Amino acid sequence: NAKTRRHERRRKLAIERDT
RNA sequence: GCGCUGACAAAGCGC
């Protein structure tokens, strides 16, 4: 199951929204 | 395993 593969790219953006 | 929601979760739900 693709948890980490999706997460990696989504994470960068998710963080950068809050930032 | 790859998406897709979610906490950048776990879990779910497609392919």
# chains A, B, ... in the order shown; residues from 1 in each chain; ligands from 1

$ residues_around --residues "region 1-9 of chain B" --least-positions-apart "4" --cutoff "9 Å" --atoms "only C-alpha atoms (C1' of nucleotides)" --output "PyMOL selection string"
(chain A and resi 1-2+5-8+10-15) or (chain B and resi 13-15)

$ select_by_dssp --residues "chain A" --states "helix (DSSP H, G or I)" --output "list in words"
residues 4, 5, 6, 7, 8, 9, 10, 11, 12, 13, 14, 15, 16, 17 and 18 of chain A

$ decode --residues "chain B" --atoms "N, CA, C and O atoms (P, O5', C5', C4', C3', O3' and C1' of nucleotides)" --output "PDB file, in the first residue's frame"
ATOM      1  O5'   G B   1       5.688  -1.320  -1.476  1.00  0.00           O
ATOM      2  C5'   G B   1       4.454  -1.989  -1.703  1.00  0.00           C
ATOM      3  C4'   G B   1       3.978  -1.822  -3.153  1.00  0.00           C
ATOM      4  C3'   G B   1       3.529  -0.405  -3.518  1.00  0.00           C
ATOM      5  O3'   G B   1       4.608   0.460  -3.897  1.00  0.00           O
ATOM      6  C1'   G B   1       1.981  -2.036  -4.414  1.00  0.00           C
ATOM      7  P     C B   2       4.549   2.044  -3.723  1.00  0.00           P
ATOM      8  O5'   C B   2       3.440   2.525  -4.770  1.00  0.00           O
ATOM      9  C5'   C B   2       3.736   2.741  -6.149  1.00  0.00           C
ATOM     10  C4'   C B   2       2.533   3.238  -7.007  1.00  0.00           C
ATOM     11  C3'   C B   2       1.760   4.450  -6.473  1.00  0.00           C
ATOM     12  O3'   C B   2       2.442   5.684  -6.725  1.00  0.00           O
ATOM     13  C1'   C B   2       0.177   2.790  -7.167  1.00  0.00           C
ATOM     14  P     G B   3       2.090   7.025  -5.937  1.00  0.00           P
ATOM     15  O5'   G B   3       0.730   7.449  -6.635  1.00  0.00           O
ATOM     16  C5'   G B   3      -0.417   7.836  -5.897  1.00  0.00           C
ATOM     17  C4'   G B   3      -1.664   7.802  -6.802  1.00  0.00           C
ATOM     18  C3'   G B   3      -2.795   8.686  -6.276  1.00  0.00           C
ATOM     19  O3'   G B   3      -2.802   9.928  -6.989  1.00  0.00           O
ATOM     20  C1'   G B   3      -3.571   6.430  -6.392  1.00  0.00           C
ATOM     21  P     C B   4      -3.019  11.334  -6.307  1.00  0.00           P
ATOM     22  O5'   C B   4      -4.392  11.140  -5.573  1.00  0.00           O
ATOM     23  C5'   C B   4      -5.691  11.318  -6.112  1.00  0.00           C
ATOM     24  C4'   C B   4      -6.786  11.012  -5.055  1.00  0.00           C
ATOM     25  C3'   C B   4      -6.454  11.540  -3.655  1.00  0.00           C
ATOM     26  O3'   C B   4      -6.434  12.943  -3.418  1.00  0.00           O
ATOM     27  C1'   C B   4      -7.311   9.311  -3.439  1.00  0.00           C
ATOM     28  P     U B   5      -7.529  14.075  -3.457  1.00  0.00           P
ATOM     29  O5'   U B   5      -8.413  13.841  -2.157  1.00  0.00           O
ATOM     30  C5'   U B   5      -7.897  13.944  -0.839  1.00  0.00           C
ATOM     31  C4'   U B   5      -8.958  13.507   0.201  1.00  0.00           C
ATOM     32  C3'   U B   5      -8.564  13.830   1.637  1.00  0.00           C
ATOM     33  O3'   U B   5      -9.098  15.101   2.012  1.00  0.00           O
ATOM     34  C1'   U B   5      -9.132  11.503   1.502  1.00  0.00           C
ATOM     35  P     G B   6      -8.324  16.200   2.836  1.00  0.00           P
ATOM     36  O5'   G B   6      -7.895  15.432   4.153  1.00  0.00           O
ATOM     37  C5'   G B   6      -8.801  15.137   5.212  1.00  0.00           C
ATOM     38  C4'   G B   6      -8.145  14.285   6.331  1.00  0.00           C
ATOM     39  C3'   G B   6      -6.785  14.815   6.798  1.00  0.00           C
ATOM     40  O3'   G B   6      -6.981  15.778   7.828  1.00  0.00           O
ATOM     41  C1'   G B   6      -6.611  12.447   6.340  1.00  0.00           C
ATOM     42  P     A B   7      -6.660  17.329   7.732  1.00  0.00           P
ATOM     43  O5'   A B   7      -5.149  17.427   8.205  1.00  0.00           O
ATOM     44  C5'   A B   7      -4.740  16.951   9.487  1.00  0.00           C
ATOM     45  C4'   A B   7      -3.254  16.542   9.471  1.00  0.00           C
ATOM     46  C3'   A B   7      -2.877  15.520   8.378  1.00  0.00           C
ATOM     47  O3'   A B   7      -1.845  16.042   7.535  1.00  0.00           O
ATOM     48  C1'   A B   7      -2.278  14.662  10.576  1.00  0.00           C
ATOM     49  P     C B   8      -2.191  16.751   6.148  1.00  0.00           P
ATOM     50  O5'   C B   8      -0.770  16.785   5.442  1.00  0.00           O
ATOM     51  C5'   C B   8      -0.334  15.851   4.457  1.00  0.00           C
ATOM     52  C4'   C B   8       0.915  15.038   4.861  1.00  0.00           C
ATOM     53  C3'   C B   8       0.683  14.172   6.090  1.00  0.00           C
ATOM     54  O3'   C B   8       0.764  12.813   5.702  1.00  0.00           O
ATOM     55  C1'   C B   8       2.778  15.303   6.288  1.00  0.00           C
ATOM     56  P     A B   9      -0.418  11.778   5.555  1.00  0.00           P
ATOM     57  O5'   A B   9      -0.441  11.035   6.961  1.00  0.00           O
ATOM     58  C5'   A B   9       0.739  10.390   7.449  1.00  0.00           C
ATOM     59  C4'   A B   9       0.596   9.854   8.892  1.00  0.00           C
ATOM     60  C3'   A B   9      -0.059   8.476   9.000  1.00  0.00           C
ATOM     61  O3'   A B   9       0.849   7.411   8.698  1.00  0.00           O
ATOM     62  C1'   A B   9      -1.032   9.914  10.628  1.00  0.00           C
ATOM     63  P     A B  10       0.451   6.190   7.755  1.00  0.00           P
ATOM     64  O5'   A B  10      -0.565   5.346   8.644  1.00  0.00           O
ATOM     65  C5'   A B  10      -0.112   4.602   9.776  1.00  0.00           C
ATOM     66  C4'   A B  10      -1.246   4.264  10.778  1.00  0.00           C
ATOM     67  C3'   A B  10      -2.421   3.468  10.207  1.00  0.00           C
ATOM     68  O3'   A B  10      -2.178   2.064  10.098  1.00  0.00           O
ATOM     69  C1'   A B  10      -3.305   5.302  11.426  1.00  0.00           C
ATOM     70  P     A B  11      -2.611   1.242   8.798  1.00  0.00           P
ATOM     71  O5'   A B  11      -4.197   1.387   8.742  1.00  0.00           O
ATOM     72  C5'   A B  11      -5.048   0.772   9.700  1.00  0.00           C
ATOM     73  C4'   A B  11      -6.502   1.316   9.704  1.00  0.00           C
ATOM     74  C3'   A B  11      -7.251   1.203   8.375  1.00  0.00           C
ATOM     75  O3'   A B  11      -7.838  -0.084   8.187  1.00  0.00           O
ATOM     76  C1'   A B  11      -7.439   3.451   9.140  1.00  0.00           C
ATOM     77  P     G B  12      -7.992  -0.748   6.744  1.00  0.00           P
ATOM     78  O5'   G B  12      -9.127   0.118   6.034  1.00  0.00           O
ATOM     79  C5'   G B  12     -10.446   0.154   6.572  1.00  0.00           C
ATOM     80  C4'   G B  12     -11.275   1.361   6.076  1.00  0.00           C
ATOM     81  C3'   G B  12     -11.695   1.308   4.612  1.00  0.00           C
ATOM     82  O3'   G B  12     -12.895   0.546   4.465  1.00  0.00           O
ATOM     83  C1'   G B  12     -10.756   3.452   5.068  1.00  0.00           C
ATOM     84  P     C B  13     -13.111  -0.502   3.297  1.00  0.00           P
ATOM     85  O5'   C B  13     -13.179   0.415   2.008  1.00  0.00           O
ATOM     86  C5'   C B  13     -14.283   1.272   1.729  1.00  0.00           C
ATOM     87  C4'   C B  13     -14.004   2.215   0.533  1.00  0.00           C
ATOM     88  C3'   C B  13     -13.496   1.497  -0.720  1.00  0.00           C
ATOM     89  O3'   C B  13     -14.569   0.909  -1.463  1.00  0.00           O
ATOM     90  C1'   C B  13     -12.063   3.362  -0.277  1.00  0.00           C
ATOM     91  P     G B  14     -14.331  -0.165  -2.610  1.00  0.00           P
ATOM     92  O5'   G B  14     -14.003   0.789  -3.837  1.00  0.00           O
ATOM     93  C5'   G B  14     -13.181   0.358  -4.908  1.00  0.00           C
ATOM     94  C4'   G B  14     -12.840   1.539  -5.839  1.00  0.00           C
ATOM     95  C3'   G B  14     -11.959   1.109  -7.019  1.00  0.00           C
ATOM     96  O3'   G B  14     -12.751   0.785  -8.164  1.00  0.00           O
ATOM     97  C1'   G B  14     -10.818   2.816  -5.814  1.00  0.00           C
ATOM     98  P     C B  15     -12.522  -0.524  -9.031  1.00  0.00           P
ATOM     99  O5'   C B  15     -11.101  -0.284  -9.691  1.00  0.00           O
ATOM    100  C5'   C B  15     -10.878   0.679 -10.716  1.00  0.00           C
ATOM    101  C4'   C B  15      -9.373   0.849 -11.042  1.00  0.00           C
ATOM    102  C3'   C B  15      -8.657  -0.450 -11.399  1.00  0.00           C
ATOM    103  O3'   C B  15      -8.702  -0.725 -12.798  1.00  0.00           O
ATOM    104  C1'   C B  15      -7.396   0.704  -9.687  1.00  0.00           C
TER     105        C B  15
END
